[PDB]
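Engineer: Provide a 3D model corresponding to the input given below.
(one chain, ligands or ions: 1)
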Amino acid sequence: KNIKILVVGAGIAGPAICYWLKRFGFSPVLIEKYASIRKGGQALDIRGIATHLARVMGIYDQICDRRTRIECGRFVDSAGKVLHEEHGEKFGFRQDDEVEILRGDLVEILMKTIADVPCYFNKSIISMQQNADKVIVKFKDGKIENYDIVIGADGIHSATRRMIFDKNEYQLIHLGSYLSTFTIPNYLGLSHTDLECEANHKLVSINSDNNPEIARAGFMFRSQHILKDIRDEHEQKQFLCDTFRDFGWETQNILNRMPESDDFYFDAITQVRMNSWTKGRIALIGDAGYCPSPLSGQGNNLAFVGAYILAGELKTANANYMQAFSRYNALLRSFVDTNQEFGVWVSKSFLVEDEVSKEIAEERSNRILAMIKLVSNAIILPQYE
Ligand SMILES: Cc1cc2nc3c(=O)[nH]c(=O)nc-3n(C[C@H](O)[C@H](O)[C@H](O)COP(=O)(O)OP(=O)(O)OC[C@H]3O[C@@H](n4cnc5c(N)ncnc54)[C@H](O)[C@@H]3O)c2cc1C
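Structural biologist: Residues are numbered from 1 along each chain as shown. Here you go:
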């Protein structure tokens, strides 16, 4: 209304809740720690109830226009021999409403829906304090600003969570694996083709799709090693290179091109476990509160649903945040649990055994496809108008 609402983080959840807040009569302000919007990341899937929300948000056609268009998927051994080849569907469309899109393309689409929302980059909070009346936010500039409501949308490593919640109110559960992805020059000359090689509890992929000049690389692997500083990019890259030192295939050609990449991403595959996602005038959304991990395939869809419900409950409560936050926690809990359980289930076998029976792999793959459809629909959305 006139309420001062700060949204921390311009990823998926933060821009999404800004759209809903703006639509529902509020005037949010958005901040991003980085200098500009971060567009790295693998393809993600808009699935289940999130496809309905994308439609209501007015972005479904735009997402469809930016769908991935891989025509040929090959699984190869470390010498490059093709073990199995899959081909895409006609027109690059599924028969259902699901759509695969690069994360960066989705983030661009979301930011276009909130052109009327102030967004400040290079803004980083160093201190947060709240009383019964205001949230006091001190920035690295030295600025100090008071807000009625602060929404943490700042990802699995949420600074907002760290500054507001006691360490015993949240756990980061490592699921035993890591993910890295980045773009490099398309030195193989791939054309709408994805190559993937799996060995020794490790997976390496490389594709080129809609930009013929660039290729996107992906690395996933099991490891119990924990970094000294999970945010230290030098340590991340050294760990990635050590891990794949003897993998062979294209791994050295890819890793040797990381200095030419402007969108490097690396993170542990982890869940955020909390009994409540709010404290006083502070609410967490998306990965900051309930990251289901990349192995769920659902982080962006949980972010969509969380943004919608929190914004709606704030509208229904006529800006009475205590009531809205209570409803938010209650209405989202079952859906978060279902999606997190599915991520845990996938983690129990992902890359765990070097060689798996074909019969076993096929039954596992079929069950996962059935389960993810159920999980993605496991909520009844409230209506807010
Ligand atoms: C660059 C990038 C690439 C990713 N690639 C993948 C991928 O390939 N696969 C996958 O499964 N998940 C990936 N993720 C995570 C994925 O986006 C989430 O799992 C989910 O889809 C969206 O959750 P989110 O918006 O809550 O968090 P995020 O997408 O992580 O967005 C958090 C945002 O908050 C910003 N931020 C962080 N700290 C602060 C701070 N202190 N102050 C202000 N802003 C801050 C970040 O810069 C970012 O823009 C990626 C995230 C990022 C940021």
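
Engineer: CA only for contacts and neighbour counts going forward, please
Structural biologist: Will do.

Engineer: would you map the strands across the stretch 1-150 of the chain?
Structural biologist: Secondary structure of the stretch 1-150 of the chain (DSSP state E, counting those that start in this stretch): strands at 5-8, 29-32, 43-46, 72-76, 82-87, 99-102, 119-121, 125-130, 135-139, 144-147, 149-152.

Engineer: return the distance of the fourth one from the chain's centre.
Structural biologist: For strand 72-76, the separation from the chain centroid amounts to 25 Å (computed by C-alpha atoms, centre = their mean, to the nearest Å).

Engineer: same check on the shortest one?
Structural biologist: In terms of C-alpha atoms, centre = their mean, the centre of strand 119-121 is set 20 Å apart from its chain centre.

Engineer: check the fifth one too.
Structural biologist: Here the centre of mass of C-alpha atoms in strand 82-87, compared against the chain's by C-alpha atoms, centre = their mean, lies 28 Å away.

Engineer: the second one too?
Structural biologist: Averaged C-alpha coordinates place strand 29-32 at 18 Å from its chain's average position (C-alpha atoms, centre = their mean).

Engineer: which positions in the stretch 251-385 of the chain make contact with the ligand?
Structural biologist: Contact residues (C-alpha under 6 Å from any ligand atom) of the stretch 251-385 of the chain with the ligand: 265, 286-288, 294, 299-300, 303.

Engineer: most surrounded residue in these?
Structural biologist: In terms of neighbours by other C-alpha atoms under 10 Å, these top out with residue 286 at 30 neighbours.

Engineer: quick one, strands of the stretch 251-385 of the chain?
Structural biologist: Taking DSSP E, counting those that start in this stretch as the test, the strands found in the stretch 251-385 of the chain are 265-274, 278-279, 282-284.

Engineer: buried sites along stretch 224-243?
Structural biologist: 236-237, 240 (16 or more other C-alpha atoms under 10 Å).

Engineer: same deal with stretch 324-335?
Structural biologist: Neighbour-count burial for stretch 324-335, with 16+ other C-alpha under 10 Å as criterion, is recorded at 324-325, 327-329, 331-332, 335.

Engineer: show me where the chain has helices.
Structural biologist: For the chain, the helices defined by DSSP state H occupy 13-23, 49-56, 60-65, 103-112, 159-164, 233-243, 251-255, 287-290, 299-316, 321-347, 358-376.

Engineer: make JSON lines out of these and add distance to residue 206.
Structural biologist: Shown next, in JSON lines, are those (distance: least, C-alpha to C-alpha, whole Å):
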{"stretch": "helix 13-23", "distance to residue 206": "27"}
{"stretch": "helix 49-56", "distance to residue 206": "27"}
{"stretch": "helix 60-65", "distance to residue 206": "22"}
{"stretch": "helix 103-112", "distance to residue 206": "16"}
{"stretch": "helix 159-164", "distance to residue 206": "32"}
{"stretch": "helix 233-243", "distance to residue 206": "16"}
{"stretch": "helix 251-255", "distance to residue 206": "9"}
{"stretch": "helix 287-290", "distance to residue 206": "26"}
{"stretch": "helix 299-316", "distance to residue 206": "22"}
{"stretch": "helix 321-347", "distance to residue 206": "22"}
{"stretch": "helix 358-376", "distance to residue 206": "21"}
